[PDB]
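Novice: Numbering (the numbering used here), first residue to last: 583 to 625. Even for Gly, the Cβ is constructed at its ideal location relative to N, Cα and C.
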């Protein structure tokens, strides 16, 4: 979502991003890491 990233996102990438943003907003750690080859590093 910022362009401090030298890349842009997809829709599911951005929604998982804003999900993690809301978890930070409510002080929550969580899990991700589905099926391989998806861009977990990128997110």
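1. For residue 622, I'd like the list of residues in its chain whose CB is within less than 7 angstroms of its CB, leaving aside the five on either flank, ordered along the chain.
2. Would you report the Cα separation of residue 589 and residue 599, rounded to the nearest angstrom?
3. Work out the CA separation of residue 620 and residue 596 for me, nearest whole Å.
4. What span of residues does the alpha helix (DSSP H) with residue 607 cover, start to end?
Specialist: In brief:
1. Within the same chain, residue 622 has close Cβ partners 614 and 615.
2. Taking the straight line from one Cα to the other gives about 14 angstroms.
3. Answer to the nearest angstrom: the Cα atoms are 13 angstroms apart.
4. Element bounds for residue 607: 593-607.
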